[PDB]
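Student: File entry15.cif below, mmCIF, C-alpha atoms and all ligand atoms:
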```cif
data_coords
loop_
_atom_site.label_atom_id
_atom_site.label_comp_id
_atom_site.auth_asym_id
_atom_site.auth_seq_id
_atom_site.Cartn_x
_atom_site.Cartn_y
_atom_site.Cartn_z
CA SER T 1606 7.60 -13.37 -29.49
CA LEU T 1607 9.19 -13.32 -32.93
CA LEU T 1608 6.54 -15.62 -34.37
CA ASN T 1609 3.76 -13.18 -33.44
CA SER T 1610 5.70 -10.15 -34.67
CA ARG T 1611 5.56 -8.65 -38.16
CA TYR T 1612 9.16 -9.75 -38.88
CA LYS T 1613 10.95 -12.91 -39.89
CA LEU T 1614 14.27 -13.93 -38.37
CA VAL T 1615 15.72 -16.54 -40.72
CA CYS T 1616 18.47 -18.62 -39.08
CA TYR T 1617 20.90 -20.73 -41.11
CA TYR T 1618 21.83 -24.07 -39.54
CA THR T 1619 24.98 -25.81 -40.85
CA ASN T 1620 25.45 -29.57 -40.69
CA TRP T 1621 29.26 -29.33 -40.73
CA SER T 1622 29.40 -27.37 -37.46
CA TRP T 1623 29.05 -30.79 -35.78
CA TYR T 1624 32.68 -31.52 -36.72
CA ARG T 1625 34.32 -29.05 -34.39
CA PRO T 1626 36.27 -29.67 -31.17
CA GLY T 1627 35.17 -28.93 -27.64
CA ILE T 1628 32.79 -26.02 -27.23
CA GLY T 1629 32.75 -25.40 -30.98
CA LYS T 1630 30.67 -28.51 -31.56
CA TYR T 1631 27.12 -27.58 -32.57
CA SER T 1632 24.25 -30.10 -32.85
CA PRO T 1633 20.56 -29.76 -33.83
CA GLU T 1634 19.48 -29.65 -30.19
CA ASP T 1635 21.66 -26.57 -29.62
CA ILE T 1636 19.13 -24.57 -31.68
CA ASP T 1637 17.34 -22.07 -29.46
CA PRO T 1638 13.72 -22.03 -30.74
CA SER T 1639 13.02 -18.65 -29.16
CA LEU T 1640 15.51 -16.98 -31.53
CA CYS T 1641 14.24 -17.85 -35.03
CA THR T 1642 11.01 -17.77 -37.01
CA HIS T 1643 12.54 -19.84 -39.82
CA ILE T 1644 15.43 -22.30 -39.82
CA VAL T 1645 17.21 -23.12 -43.09
CA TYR T 1646 19.29 -26.31 -43.20
CA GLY T 1647 22.61 -25.88 -45.03
CA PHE T 1648 23.07 -27.76 -47.25
CA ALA T 1649 21.78 -30.37 -49.65
CA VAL T 1650 23.76 -30.58 -52.89
CA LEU T 1651 23.16 -31.22 -56.58
CA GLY T 1652 24.04 -34.80 -57.44
CA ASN T 1653 25.75 -36.00 -60.60
CA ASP T 1654 22.39 -37.23 -61.89
CA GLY T 1655 20.95 -33.70 -61.65
CA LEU T 1656 18.88 -34.42 -58.52
CA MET T 1657 19.04 -32.93 -55.04
CA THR T 1658 20.81 -35.25 -52.59
CA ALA T 1659 22.08 -35.21 -49.02
CA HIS T 1660 25.54 -33.74 -48.62
CA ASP T 1661 26.56 -35.73 -45.51
CA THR T 1662 24.73 -39.04 -45.18
CA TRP T 1663 26.43 -39.76 -41.84
CA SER T 1664 24.89 -36.71 -40.19
CA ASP T 1665 21.84 -35.94 -42.36
CA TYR T 1666 20.56 -39.54 -42.49
CA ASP T 1667 22.43 -41.96 -40.21
CA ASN T 1668 22.37 -39.56 -37.25
CA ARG T 1669 18.92 -38.15 -38.31
CA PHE T 1670 20.07 -34.50 -38.51
CA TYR T 1671 17.31 -33.66 -41.01
CA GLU T 1672 14.68 -35.07 -38.60
CA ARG T 1673 16.33 -33.40 -35.59
CA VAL T 1674 16.12 -30.00 -37.27
CA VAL T 1675 12.63 -30.57 -38.69
CA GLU T 1676 11.79 -31.21 -35.01
CA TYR T 1677 11.62 -27.45 -34.59
CA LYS T 1678 8.35 -27.28 -36.56
CA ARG T 1679 6.78 -28.24 -33.22
CA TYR T 1680 7.48 -24.68 -32.00
CA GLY T 1681 5.80 -23.11 -35.04
CA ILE T 1682 9.11 -22.45 -36.78
CA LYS T 1683 9.20 -23.07 -40.53
CA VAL T 1684 12.08 -25.40 -41.43
CA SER T 1685 13.44 -25.31 -45.00
CA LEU T 1686 16.23 -27.22 -46.71
CA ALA T 1687 18.85 -25.19 -48.59
CA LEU T 1688 20.31 -26.44 -51.86
CA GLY T 1689 23.80 -25.37 -52.88
CA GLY T 1690 26.12 -23.07 -50.95
CA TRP T 1691 29.51 -21.66 -51.88
CA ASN T 1692 31.34 -24.99 -52.14
CA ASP T 1693 28.65 -26.68 -54.24
CA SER T 1694 28.63 -23.71 -56.64
CA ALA T 1695 32.24 -24.16 -57.80
CA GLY T 1696 31.54 -25.68 -61.21
CA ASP T 1697 29.03 -25.67 -64.06
CA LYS T 1698 26.52 -28.19 -62.70
CA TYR T 1699 23.83 -25.67 -61.69
CA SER T 1700 24.20 -23.87 -65.01
CA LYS T 1701 23.87 -27.18 -66.86
CA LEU T 1702 20.70 -27.90 -64.88
CA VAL T 1703 18.96 -24.55 -65.35
CA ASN T 1704 19.76 -24.38 -69.09
CA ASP T 1705 18.08 -27.76 -69.74
CA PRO T 1706 14.25 -27.74 -69.56
CA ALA T 1707 14.06 -31.55 -69.39
CA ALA T 1708 16.60 -31.65 -66.57
CA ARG T 1709 14.71 -28.95 -64.68
CA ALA T 1710 11.45 -30.87 -65.05
CA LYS T 1711 12.98 -34.04 -63.62
CA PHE T 1712 14.71 -32.13 -60.82
CA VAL T 1713 11.55 -30.32 -59.68
CA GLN T 1714 9.37 -33.39 -59.08
CA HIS T 1715 12.15 -35.25 -57.29
CA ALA T 1716 13.00 -32.21 -55.15
CA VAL T 1717 9.44 -31.78 -53.88
CA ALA T 1718 9.28 -35.49 -53.03
CA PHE T 1719 12.61 -35.16 -51.19
CA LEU T 1720 11.26 -32.29 -49.07
CA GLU T 1721 8.04 -34.16 -48.26
CA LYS T 1722 9.93 -37.35 -47.35
CA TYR T 1723 11.84 -35.55 -44.58
CA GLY T 1724 9.08 -33.17 -43.50
CA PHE T 1725 10.64 -29.91 -44.67
CA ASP T 1726 8.37 -26.88 -45.04
CA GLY T 1727 10.15 -25.54 -48.11
CA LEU T 1728 13.24 -25.25 -50.28
CA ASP T 1729 15.85 -22.47 -50.16
CA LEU T 1730 17.96 -21.94 -53.30
CA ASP T 1731 21.61 -21.06 -52.59
CA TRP T 1732 23.35 -21.15 -55.97
CA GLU T 1733 26.30 -18.74 -55.71
CA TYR T 1734 25.61 -17.45 -58.29
CA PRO T 1735 23.68 -17.67 -61.57
CA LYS T 1736 26.00 -16.43 -64.36
CA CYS T 1737 28.72 -15.31 -61.91
CA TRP T 1738 29.81 -18.72 -60.64
CA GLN T 1739 31.57 -18.12 -57.32
CA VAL T 1740 31.37 -14.37 -58.16
CA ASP T 1741 33.23 -14.74 -61.49
CA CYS T 1742 30.88 -13.23 -64.08
CA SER T 1743 33.13 -14.38 -66.93
CA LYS T 1744 32.35 -18.03 -66.17
CA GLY T 1745 28.68 -18.56 -66.90
CA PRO T 1746 26.34 -17.80 -69.79
CA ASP T 1747 23.84 -14.97 -69.67
CA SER T 1748 21.13 -17.64 -70.12
CA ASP T 1749 21.73 -18.68 -66.50
CA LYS T 1750 19.44 -15.75 -65.62
CA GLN T 1751 16.46 -16.97 -67.63
CA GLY T 1752 17.20 -20.56 -66.67
CA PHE T 1753 17.21 -19.76 -62.95
CA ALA T 1754 14.02 -17.72 -63.36
CA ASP T 1755 12.35 -20.71 -65.04
CA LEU T 1756 13.63 -23.07 -62.34
CA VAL T 1757 12.07 -20.78 -59.72
CA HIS T 1758 8.78 -20.72 -61.61
CA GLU T 1759 8.74 -24.50 -62.07
CA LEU T 1760 9.53 -25.07 -58.39
CA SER T 1761 6.91 -22.52 -57.30
CA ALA T 1762 4.27 -24.15 -59.49
CA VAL T 1763 4.67 -27.43 -57.57
CA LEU T 1764 5.52 -26.15 -54.08
CA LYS T 1765 2.92 -23.39 -53.74
CA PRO T 1766 -0.20 -25.58 -54.27
CA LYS T 1767 1.17 -27.93 -51.57
CA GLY T 1768 1.61 -25.08 -49.09
CA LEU T 1769 5.40 -25.39 -49.26
CA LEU T 1770 7.77 -22.43 -49.17
CA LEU T 1771 10.33 -21.32 -51.74
CA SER T 1772 13.10 -18.85 -50.97
CA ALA T 1773 16.57 -17.92 -52.19
CA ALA T 1774 19.80 -16.58 -50.74
CA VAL T 1775 21.11 -13.94 -53.12
CA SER T 1776 24.18 -11.83 -53.87
CA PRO T 1777 24.61 -8.28 -52.50
CA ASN T 1778 26.87 -7.26 -55.40
CA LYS T 1779 25.38 -4.94 -58.05
CA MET T 1780 27.10 -6.62 -61.02
CA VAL T 1781 26.11 -10.12 -59.89
CA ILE T 1782 22.53 -9.00 -59.25
CA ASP T 1783 22.41 -7.45 -62.72
CA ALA T 1784 23.86 -10.53 -64.42
CA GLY T 1785 22.18 -13.37 -62.59
CA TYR T 1786 18.71 -12.41 -61.38
CA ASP T 1787 15.43 -11.71 -63.14
CA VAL T 1788 14.39 -9.69 -60.12
CA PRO T 1789 10.66 -9.22 -60.91
CA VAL T 1790 10.17 -12.96 -61.45
CA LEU T 1791 12.02 -13.91 -58.26
CA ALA T 1792 10.28 -11.18 -56.26
CA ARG T 1793 6.85 -12.32 -57.42
CA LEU T 1794 7.33 -16.05 -56.79
CA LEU T 1795 9.65 -16.34 -53.78
CA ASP T 1796 8.24 -16.19 -50.26
CA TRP T 1797 11.37 -14.36 -49.18
CA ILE T 1798 14.72 -13.29 -50.61
CA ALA T 1799 17.59 -13.57 -48.12
CA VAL T 1800 20.02 -10.91 -49.27
CA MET T 1801 23.53 -11.93 -48.24
CA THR T 1802 24.59 -8.44 -47.12
CA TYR T 1803 28.01 -9.63 -45.97
CA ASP T 1804 31.32 -10.79 -47.41
CA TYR T 1805 31.65 -7.42 -49.14
CA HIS T 1806 35.33 -7.63 -48.20
CA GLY T 1807 37.82 -10.37 -47.41
CA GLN T 1808 41.35 -11.62 -47.99
CA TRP T 1809 40.71 -11.73 -51.77
CA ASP T 1810 40.79 -7.90 -51.83
CA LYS T 1811 44.50 -7.88 -50.84
CA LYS T 1812 43.69 -5.12 -48.32
CA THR T 1813 41.66 -4.82 -45.13
CA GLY T 1814 37.97 -4.00 -45.24
CA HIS T 1815 34.76 -4.62 -43.37
CA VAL T 1816 32.88 -7.89 -43.86
CA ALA T 1817 29.50 -6.10 -43.84
CA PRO T 1818 29.35 -2.30 -43.97
CA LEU T 1819 25.91 -0.75 -43.51
CA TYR T 1820 26.55 2.66 -45.10
CA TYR T 1821 29.01 4.10 -47.59
CA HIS T 1822 32.39 5.14 -46.19
CA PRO T 1823 34.36 7.96 -47.88
CA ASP T 1824 37.38 5.72 -48.57
CA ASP T 1825 35.36 2.96 -50.28
CA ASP T 1826 36.48 2.03 -53.78
CA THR T 1827 32.82 1.97 -54.84
CA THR T 1828 29.47 3.41 -53.85
CA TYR T 1829 27.75 0.01 -53.96
CA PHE T 1830 29.63 -2.25 -51.49
CA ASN T 1831 27.39 -1.57 -48.50
CA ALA T 1832 24.12 -3.02 -47.22
CA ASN T 1833 22.21 0.25 -47.67
CA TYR T 1834 22.94 0.37 -51.40
CA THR T 1835 22.32 -3.36 -51.83
CA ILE T 1836 18.90 -3.41 -50.14
CA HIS T 1837 17.72 -0.30 -51.98
CA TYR T 1838 18.99 -1.80 -55.24
CA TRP T 1839 16.98 -5.00 -54.77
CA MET T 1840 13.92 -2.79 -54.23
CA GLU T 1841 14.75 -0.58 -57.23
CA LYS T 1842 14.98 -3.72 -59.37
CA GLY T 1843 11.43 -4.69 -58.35
CA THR T 1844 11.54 -6.44 -54.98
CA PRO T 1845 8.83 -5.56 -52.42
CA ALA T 1846 10.19 -4.65 -49.00
CA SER T 1847 8.11 -7.42 -47.42
CA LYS T 1848 9.99 -10.06 -49.45
CA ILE T 1849 13.47 -8.97 -48.28
CA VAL T 1850 15.26 -10.33 -45.25
CA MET T 1851 18.62 -8.68 -44.59
CA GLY T 1852 21.57 -10.94 -43.83
CA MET T 1853 23.80 -10.27 -40.85
CA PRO T 1854 27.10 -12.11 -40.22
CA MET T 1855 27.79 -13.95 -36.97
CA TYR T 1856 31.47 -14.12 -37.98
CA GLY T 1857 34.31 -11.95 -39.23
CA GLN T 1858 36.69 -11.84 -42.17
CA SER T 1859 40.30 -12.06 -41.01
CA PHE T 1860 43.47 -10.82 -42.66
CA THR T 1861 47.23 -11.12 -42.26
CA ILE T 1862 48.39 -7.55 -42.71
CA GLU T 1863 51.65 -6.91 -44.57
CA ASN T 1864 53.03 -4.57 -41.93
CA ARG T 1865 52.50 -4.38 -38.20
CA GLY T 1866 52.71 -0.62 -37.93
CA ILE T 1867 49.54 0.40 -39.75
CA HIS T 1868 46.30 -1.22 -38.64
CA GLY T 1879 43.46 0.72 -40.31
CA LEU T 1880 41.07 0.14 -43.17
CA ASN T 1881 42.28 -0.47 -46.73
CA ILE T 1882 45.82 -1.42 -45.64
CA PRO T 1883 47.83 -4.00 -47.64
CA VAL T 1884 47.25 -7.65 -46.83
CA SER T 1885 49.42 -10.67 -47.65
CA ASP T 1886 46.96 -13.51 -46.88
CA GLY T 1887 43.89 -14.48 -44.93
CA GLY T 1888 44.14 -14.39 -41.17
CA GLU T 1889 45.40 -17.38 -39.24
CA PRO T 1890 42.64 -20.01 -38.86
CA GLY T 1891 40.67 -20.15 -35.64
CA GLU T 1892 41.05 -23.22 -33.45
CA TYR T 1893 37.35 -24.13 -33.76
CA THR T 1894 36.38 -23.09 -37.29
CA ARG T 1895 39.77 -23.97 -38.85
CA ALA T 1896 39.42 -21.83 -42.00
CA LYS T 1897 42.01 -19.26 -43.06
CA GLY T 1898 40.38 -15.84 -43.36
CA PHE T 1899 37.36 -16.67 -41.18
CA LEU T 1900 36.62 -16.40 -37.46
CA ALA T 1901 33.40 -17.12 -35.62
CA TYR T 1902 32.11 -14.37 -33.34
CA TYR T 1903 32.91 -16.59 -30.37
CA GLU T 1904 36.51 -16.80 -31.59
CA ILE T 1905 36.68 -13.01 -32.09
CA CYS T 1906 35.16 -12.03 -28.75
CA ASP T 1907 37.60 -14.32 -26.92
CA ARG T 1908 40.55 -12.68 -28.70
CA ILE T 1909 39.26 -9.29 -27.56
CA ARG T 1910 38.38 -10.34 -24.01
CA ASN T 1911 41.36 -12.54 -23.17
CA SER T 1912 44.12 -11.99 -25.77
CA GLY T 1913 44.26 -8.18 -25.78
CA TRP T 1914 43.19 -7.51 -29.36
CA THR T 1915 42.62 -3.80 -29.96
CA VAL T 1916 39.11 -2.83 -31.12
CA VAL T 1917 38.37 0.11 -33.42
CA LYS T 1918 34.74 1.21 -33.71
CA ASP T 1919 33.14 3.57 -36.21
CA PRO T 1920 31.63 6.48 -34.23
CA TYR T 1921 29.23 7.18 -37.13
CA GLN T 1922 28.17 3.51 -37.13
CA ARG T 1923 28.43 3.06 -40.88
CA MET T 1924 30.05 -0.31 -40.16
CA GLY T 1925 30.86 -2.54 -37.24
CA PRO T 1926 34.21 -2.80 -35.51
CA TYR T 1927 37.51 -4.28 -36.49
CA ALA T 1928 40.09 -5.76 -34.12
CA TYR T 1929 43.79 -6.46 -34.43
CA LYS T 1930 46.89 -7.79 -32.71
CA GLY T 1931 50.30 -8.08 -34.29
CA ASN T 1932 49.78 -8.88 -37.97
CA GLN T 1933 46.25 -10.26 -37.46
CA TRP T 1934 43.18 -8.15 -38.27
CA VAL T 1935 39.46 -9.06 -38.30
CA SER T 1936 36.29 -7.13 -39.18
CA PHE T 1937 32.95 -8.22 -37.75
CA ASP T 1938 29.61 -7.10 -36.31
CA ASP T 1939 29.10 -6.36 -32.62
CA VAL T 1940 25.87 -5.87 -30.69
CA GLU T 1941 25.97 -2.11 -31.27
CA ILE T 1942 26.07 -2.31 -35.08
CA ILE T 1943 23.54 -5.16 -35.04
CA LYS T 1944 21.02 -2.92 -33.26
CA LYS T 1945 21.68 -0.21 -35.86
CA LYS T 1946 21.17 -2.70 -38.69
CA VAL T 1947 17.92 -3.98 -37.18
CA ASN T 1948 16.64 -0.43 -36.77
CA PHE T 1949 17.46 -0.06 -40.48
CA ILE T 1950 15.41 -3.19 -41.25
CA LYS T 1951 12.45 -1.76 -39.34
CA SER T 1952 12.82 1.71 -40.90
CA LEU T 1953 12.48 0.26 -44.43
CA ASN T 1954 9.67 -2.11 -43.37
CA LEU T 1955 11.67 -5.06 -44.63
CA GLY T 1956 10.41 -8.59 -44.14
CA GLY T 1957 12.98 -9.14 -41.41
CA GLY T 1958 16.50 -10.33 -40.73
CA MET T 1959 18.65 -13.35 -41.49
CA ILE T 1960 21.79 -14.72 -39.83
CA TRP T 1961 24.74 -16.74 -41.08
CA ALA T 1962 24.85 -18.79 -38.95
CA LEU T 1963 23.51 -20.18 -35.65
CA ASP T 1964 26.74 -22.02 -34.79
CA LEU T 1965 28.99 -18.95 -35.14
CA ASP T 1966 27.38 -16.66 -32.51
CA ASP T 1967 28.52 -17.15 -28.88
CA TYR T 1968 25.85 -19.75 -28.09
CA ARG T 1969 27.95 -21.15 -25.20
CA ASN T 1970 28.51 -17.77 -23.50
CA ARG T 1971 32.28 -18.23 -23.81
CA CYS T 1972 32.62 -14.43 -23.71
CA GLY T 1973 30.38 -13.64 -20.73
CA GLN T 1974 27.93 -11.40 -22.63
CA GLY T 1975 25.23 -14.03 -22.32
CA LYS T 1976 24.32 -16.90 -24.61
CA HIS T 1977 23.74 -15.90 -28.23
CA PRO T 1978 24.68 -12.21 -27.75
CA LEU T 1979 24.36 -11.26 -31.42
CA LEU T 1980 21.18 -13.20 -32.15
CA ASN T 1981 19.51 -12.03 -28.94
CA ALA T 1982 20.39 -8.46 -29.90
CA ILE T 1983 18.61 -8.96 -33.23
CA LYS T 1984 15.54 -10.45 -31.55
CA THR T 1985 15.30 -7.72 -28.92
CA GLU T 1986 15.61 -4.93 -31.49
CA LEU T 1987 13.09 -6.56 -33.84
CA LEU T 1988 10.59 -6.74 -30.97
CA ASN T 1989 11.25 -3.14 -29.88
CA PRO T 1990 8.43 -1.01 -31.38
CA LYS T 1991 10.49 2.19 -31.49
CA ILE T 1992 12.56 2.95 -34.59
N1 LIG T 2001 35.53 -19.84 -49.40
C1 LIG T 2001 34.93 -18.64 -49.81
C2 LIG T 2001 33.67 -18.28 -49.23
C3 LIG T 2001 32.80 -19.12 -48.20
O1 LIG T 2001 31.63 -19.17 -48.54
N2 LIG T 2001 33.09 -19.88 -46.89
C4 LIG T 2001 34.26 -20.12 -46.04
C5 LIG T 2001 33.79 -21.13 -44.92
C6 LIG T 2001 32.48 -21.23 -44.73
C7 LIG T 2001 32.32 -22.11 -43.40
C8 LIG T 2001 33.51 -22.10 -42.78
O2 LIG T 2001 34.31 -20.98 -43.47
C9 LIG T 2001 33.06 -17.07 -49.68
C10 LIG T 2001 33.75 -16.25 -50.64
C11 LIG T 2001 33.20 -15.01 -51.11
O3 LIG T 2001 31.96 -14.57 -50.63
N3 LIG T 2001 33.89 -14.24 -52.04
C12 LIG T 2001 33.32 -13.07 -52.46
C13 LIG T 2001 33.98 -12.23 -53.41
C14 LIG T 2001 35.21 -12.63 -53.92
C15 LIG T 2001 35.77 -13.85 -53.47
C16 LIG T 2001 35.03 -14.65 -52.49
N4 LIG T 2001 35.61 -15.86 -52.05
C17 LIG T 2001 34.99 -16.66 -51.14
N5 LIG T 2001 35.57 -17.85 -50.71
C18 LIG T 2001 36.90 -18.29 -51.29
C19 LIG T 2001 38.18 -17.83 -50.61
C20 LIG T 2001 38.78 -16.62 -50.80
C21 LIG T 2001 39.98 -16.70 -49.96
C22 LIG T 2001 39.96 -17.95 -49.38
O4 LIG T 2001 38.91 -18.59 -49.79
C1 LIG T 2002 21.26 4.85 -48.43
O1 LIG T 2002 20.97 4.68 -49.81
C2 LIG T 2002 20.05 5.65 -50.34
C3 LIG T 2002 19.74 5.25 -51.76
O2 LIG T 2002 20.86 4.64 -52.40
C4 LIG T 2002 20.67 7.04 -50.22
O3 LIG T 2002 19.76 8.01 -50.71
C5 LIG T 2002 21.02 7.33 -48.77
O4 LIG T 2002 21.71 8.57 -48.66
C6 LIG T 2002 21.90 6.22 -48.19
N1 LIG T 2002 22.14 6.44 -46.78
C7 LIG T 2002 23.31 6.88 -46.30
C8 LIG T 2002 24.39 7.14 -47.31
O5 LIG T 2002 23.49 7.07 -45.10
#
```
Just dump the structure as structure tokens.

Tutor:
Amino acid sequence: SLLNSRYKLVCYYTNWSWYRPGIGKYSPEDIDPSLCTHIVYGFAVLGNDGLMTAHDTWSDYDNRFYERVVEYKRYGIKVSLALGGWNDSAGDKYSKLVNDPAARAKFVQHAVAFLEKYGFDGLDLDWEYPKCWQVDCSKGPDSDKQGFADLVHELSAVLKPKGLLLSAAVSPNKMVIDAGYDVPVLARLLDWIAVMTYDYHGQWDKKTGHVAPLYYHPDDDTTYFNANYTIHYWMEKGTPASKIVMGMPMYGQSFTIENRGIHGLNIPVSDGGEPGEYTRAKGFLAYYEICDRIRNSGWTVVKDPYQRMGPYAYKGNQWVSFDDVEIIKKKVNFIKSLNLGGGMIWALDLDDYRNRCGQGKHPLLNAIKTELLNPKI
């Protein structure tokens, strides 16, 4: 089993996946406890008073979603609560917090009490990102780095004596890593660092690209927008391999291409792809939306024979890049080869947990688990 293996498999749960129609609805009891060593609940948010608070009281509290996910401790899974996320990182509120020692001190004691009230095993920090707020490095002060490092120390100093876990989800981008993270401090204090080795490319690039390349590709604009560079860079900056879990996407980035006629990488794009009927977000498709388009709507799939990145698929002016089982196995062999702490997925509710595509339930996540448990590298 994963729990008895040397690897973690950190699974993100999202409370908002409840608000999806038909088979896209996901609830706490849809979690498969054989597929995760750790579950991280996304998300709590930073309140206006500088204290962690529930994002969705109707689900988190009134419908006991926190309790229903903390339920999985009964299987030996560690269940943490994540603070932040992309949407909660839009403004200056996390920067204001971390740059204020008195505000940090108030936040830390309340946060630990919050975790203990609901039975969580730890806190996961998901500020995206210190200094580079929503990736814009011009927005925040350099002191976000020291402030975040001190927040991590102050949290660790309270959580660790209580046997509670502290982790962070972190950027894969060299410039954001350089600007936002005191890597030795984080590496020493955090129980794991979930490197978000995805969203390297998307509609914001104005051209097609892969959500999550593993290795450099000769046509890349940079040498650093791939998981191999990112993971080695976290280690070069001072992170032990055992502290790293490598993120893998259960979704794709979608694009509306300017011209039906060319359908390859790095081709001009006019907008995000049309929203999926379940996830309802321009530029984003769950794996179970992508596999259905391939299986039943005739989308054409292009694979990389050198397996530096997963496939992309297209039809008409729609184009999506994503990870299939084949590239997932390659990525997990990469995790094992570097002796990393394990793997991480964003997110449980985006894999084909209903077996809509006939590959079996949870095809991507089961591929990760099987490869992690395979002793050969
Ligand atoms: N919203 C987002 C999101 C996102 O976290 N979740 C989407 C949700 C989540 C659940 C359901 O689908 C991530 C990124 C991102 O990693 N970026 C990286 C580098 C540069 C820009 C950028 N922008 C992002 N944006 C804005 C965006 C761009 C175009 C349209 O929106
Ligand atoms: C992965 O990265 C390392 C260090 O950056 C590099 O030496 C190696 O060649 C890369 N692997 C590739 C490009 O397949």

Student: Between T:1977, T:1678, T:1991, T:1918, single out the one closest to residue 1947 of chain T, counting all atoms listed in the file.

Tutor: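 Among T:1977, T:1678, T:1991, T:1918, it is T:1991 that comes nearest to residue 1947 of chain T.
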
Student: Using all atoms listed in the file, which of the listed residues (T:1857, T:1952, T:1751, T:1883) sits closest to residue 1935 of chain T?

Tutor: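 Under the stated criterion, the closest residue is T:1857.
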
Student: With a distance cut-off of 8 Å and all atoms listed in the file, select the neighbouring residues of residue 1830 of chain T, excluding the residue or stretch itself and same-chain residues fewer than 6 positions from it, and output the selection as a ChimeraX atom specification.

Tutor: /T:1777-1778,1805,1818,1821

Student: Record the distance separating atom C21 of ligand LIG 2001 (chain T) and atom CA of residue 1809 of chain T, expressed in Å with one decimal.

Tutor: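 These two atoms are separated by 5.3 Å.
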
Student: With distances taken over all atoms listed in the file, which of T:1815, T:1959, T:1867, T:1885 is nearest to residue 1923 of chain T?

Tutor: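 Using all atoms listed in the file, residue 1923 of chain T sits closest to T:1815.
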
Student: So the first atom is atom CA of residue 1792 of chain T and the second is atom CA of residue 1844 of chain T; what is the distance between them in Å, to one decimal place?

Tutor: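 Between atom CA of residue 1792 of chain T and atom CA of residue 1844 of chain T the gap is 5.1 Å.
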
Student: Figure out the distance between atom CA of residue 1617 of chain T and atom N2 of ligand LIG 2001 (chain T), please, to one decimal in Å.

Tutor: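 That distance, rounded to one decimal, is 13.5 Å.
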
Student: Write as a list in words the residues around ligand LIG 2002 (chain T), taking 9 Å as the cut-off and counting only C-alpha atoms and all ligand atoms.

Tutor: residues 1819, 1820, 1821, 1822, 1828, 1829, 1831, 1832, 1833, 1834, 1835, 1836, 1837, 1838 and 1923 of chain T

Student: Once you count all atoms listed in the file, which residues end up no further than 9 Å from (26.4, -28.2, -59.0) in the file's frame, shown as a list in words?

Tutor: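 All residues meeting the 9 Å criterion around (26.4, -28.2, -59.0) are residues 1650, 1651, 1652, 1653, 1655, 1689, 1693, 1694, 1695, 1696, 1697, 1698, 1699, 1700, 1701, 1702 and 1732 of chain T.
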
Student: Using the atoms already present, construct N, CA and C atoms for segment 1768-1780 of chain T and hand them back as a short mmCIF file (atom, residue, chain, number, x, y, z; two decimals), in the frame of the given file.

Tutor:
```cif
data_model
loop_
_atom_site.label_atom_id
_atom_site.label_comp_id
_atom_site.auth_asym_id
_atom_site.auth_seq_id
_atom_site.Cartn_x
_atom_site.Cartn_y
_atom_site.Cartn_z
N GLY T 1768 1.36 -25.84 -50.30
CA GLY T 1768 1.61 -25.08 -49.09
C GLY T 1768 3.05 -25.07 -48.65
N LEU T 1769 3.98 -25.36 -49.56
CA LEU T 1769 5.40 -25.39 -49.26
C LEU T 1769 6.04 -24.07 -49.68
N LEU T 1770 7.10 -23.70 -48.97
CA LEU T 1770 7.77 -22.43 -49.17
C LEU T 1770 8.91 -22.54 -50.17
N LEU T 1771 9.18 -21.43 -50.84
CA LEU T 1771 10.33 -21.32 -51.74
C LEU T 1771 11.01 -19.99 -51.48
N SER T 1772 12.32 -20.04 -51.26
CA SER T 1772 13.10 -18.85 -50.97
C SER T 1772 14.46 -18.97 -51.65
N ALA T 1773 15.21 -17.88 -51.66
CA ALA T 1773 16.57 -17.92 -52.19
C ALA T 1773 17.48 -17.03 -51.37
N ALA T 1774 18.73 -17.45 -51.23
CA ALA T 1774 19.80 -16.58 -50.74
C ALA T 1774 20.50 -15.98 -51.94
N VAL T 1775 20.70 -14.66 -51.92
CA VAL T 1775 21.11 -13.94 -53.12
C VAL T 1775 22.27 -12.98 -52.85
N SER T 1776 22.99 -12.66 -53.93
CA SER T 1776 24.18 -11.83 -53.87
C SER T 1776 23.83 -10.39 -53.47
N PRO T 1777 24.75 -9.72 -52.77
CA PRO T 1777 24.61 -8.28 -52.50
C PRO T 1777 25.31 -7.38 -53.50
N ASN T 1778 25.97 -7.97 -54.50
CA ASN T 1778 26.87 -7.26 -55.40
C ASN T 1778 26.10 -6.82 -56.65
N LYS T 1779 26.15 -5.52 -56.94
CA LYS T 1779 25.38 -4.94 -58.05
C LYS T 1779 25.58 -5.70 -59.36
N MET T 1780 26.83 -5.97 -59.73
CA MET T 1780 27.10 -6.62 -61.02
C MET T 1780 26.57 -8.05 -61.05
#
```
